[PDB]
Amino acid sequence: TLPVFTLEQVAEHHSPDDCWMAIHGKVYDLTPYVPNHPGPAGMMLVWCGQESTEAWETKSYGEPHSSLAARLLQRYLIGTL
Ligand code: HEM
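Residue numbers (the entry's author numbering): 6 to 86.
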């Protein structure tokens, strides 16, 4: 069954070399994905350790992530919030 985390635990993984996020009530360990993120360098890094649903939904300027990107995000799932 999926592990359950709190936002406080997610916040301990807040750096480029140890980056977890909470998106839509789910927790993801995105550390391996960090260097592969497309777009302007370092946009995902500001959200390591955070609840990041709005940034996920809008890319911070008003475009959603694609269905392809949503499949890629799900691979890094580690639990629920
Ligand atoms: C949560 C904070 C995130 C922010 C603010 C963010 C922002 C962005 C931006 C600015 C771009 C380029 C512009 C554009 O494609 O319209 C982009 C593209 C992309 N991002 Fe993110 N991203 C985030 C997280 C993620 C995560 C967690 C993944 C997957 C593991 C991901 C996967 C991708 C992919 C695959 C693209 C290429 C375009 C697409 O398929 O939608 N991003 N992102």
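Here a beta-carbon is modelled for each residue, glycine too, at the ideal position from N, C-alpha and C.
| Query | Result |
| --- | --- |
| C-beta atoms of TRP61 and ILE28 nearer than 8 Å | yes |
| Pairwise C-alpha distance: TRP25 and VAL32 | 7 Å |
| Sheet register partners of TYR33 (DSSP bridge) | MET26 and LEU82 |
| Beta-ladder partner(s) of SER71, from DSSP | Looking at the DSSP assignment, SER71 forms no beta bridge with any residue, so it has no partner. |
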